[PDB]
Amino acid sequence: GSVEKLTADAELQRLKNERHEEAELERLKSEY
Amino acid sequence: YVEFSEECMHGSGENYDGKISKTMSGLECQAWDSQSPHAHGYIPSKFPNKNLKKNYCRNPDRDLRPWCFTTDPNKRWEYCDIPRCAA
């Protein structure tokens, strides 16, 4: 459908979740 | 009387409409209306109701604490170390 789950709250969560993955990904990325 | 915005977290801190633009580490926050350096989907046009403004530490998505994007190329986002109020 659209590039959104048709609700801001869901997009909010998704982007938050995205960033949250980023943090864990960054944490995995950063050894030293 | 909202002139006194208060610099603690009330609720999730979504309603923190303070003008703190520096993060928990004191880094410079990236303006929500900017895509530099970090291209982000937090467009104030798509989340207008969240008062997503300037490079101020805001909480639109209901994170555990208000936060901000970092202007640091390495750091995508940063938390903002805001006090916590009882309510």
# chains A, B, ... in the order shown; residues from 1 in each chain; ligands from 1
>>> interface_residues(of="chain A", to="chain B", cutoff="10 Å", atoms="only C-alpha atoms", output="JSON, numbers by chain")
{"A": [8, 9, 10, 11, 12, 13, 14, 15, 16, 17, 19, 20, 22, 23, 26]}
>>> residues_around(residues="residue B:25", least_positions_apart="6", cutoff="10 Å", atoms="only C-alpha atoms", output="list in words")
residues 78, 79, 80 and 81 of chain B
>>> residues_around(residues="residue B:22", least_positions_apart="2", cutoff="10 Å", atoms="only C-alpha atoms", output="ChimeraX atom specification")
/B:19-20,24-30,55-57,67-70,78-81
>>> atom_distance(atom1="atom CA of residue B:38", atom2="atom CA of residue A:27")
18.3 Å
>>> atom_distance(atom1="atom CA of residue B:86", atom2="atom CA of residue B:31")
28.8 Å
>>> select_by_dssp(residues="chain A", states="alpha helix (DSSP H)", output="list in words")
residues 8, 9, 10, 11, 12, 13, 14, 15, 16, 17, 18, 19, 20, 21, 22, 23, 24, 25, 26, 27, 28 and 29 of chain A
>>> atom_distance(atom1="atom CA of residue B:73", atom2="atom CA of residue A:30")
14.5 Å
>>> select_by_dssp(residues="chain B", states="strand (DSSP E)", output="list in words")
residues 29, 30, 67, 68, 69, 70, 77, 78 and 79 of chain B
